[PDB]
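One chain comes next, on its own, written as structure tokens: the form deposited in one PDB entry.
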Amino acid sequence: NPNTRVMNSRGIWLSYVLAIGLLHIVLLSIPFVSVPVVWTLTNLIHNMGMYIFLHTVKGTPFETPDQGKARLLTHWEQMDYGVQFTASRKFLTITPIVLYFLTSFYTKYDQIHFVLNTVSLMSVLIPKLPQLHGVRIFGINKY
């Protein structure tokens, strides 16, 4: 199952970091948007994209020869064949916290941005817990 090892390959981490940097630059490119709102939009878009591509879309784009072990499993549970802690998983859990710290730094610590940013960070963070593995809240996206 190659999909398991794609996050372990060479250059994936640097590609991810460059992608986030490019996303922030393109957000900066818009003329009228002010800086704290730029940072908030960067954080929100990054968290929503990470959530969609990790915990919502399940299965494998390519057909798999193990007769569909990962049929019901999302990418996060698919990573490293269920091993809870690894370098890639630690890095993926670490990075959004750093992004939120930076965003709250460049947004001057206002409440209105803080509530949205905290909600986004919690949304992306809760599925990462090893305790929350293979469970769907209220049975949504179960099948």
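Note that residue numbering begins at 1 and tracks the sequence as displayed.
Here the subject shifts to the form solved in complex with a partner chain, a form of this protein not shown in this document.
94 is the sole member of 48, 37, 94, 116 with a non-hydrogen atom lying within 4.5 angstroms of its partner chain in the entry with it bound. In the entry with it bound, its partner chain lies within 4.5 Å of some heavy atom of residue 121. Of the heavy atoms in residue 21, none are within 4.5 Å of its partner chain in the entry with it bound. In the entry with it bound, its partner chain sits within 4.5 Å of a heavy atom belonging to residue 129. Mapping the unseen interface onto this chain, residue 74 falls outside it, with no heavy atom inside 4.5 Å of its partner chain in the entry with it bound.
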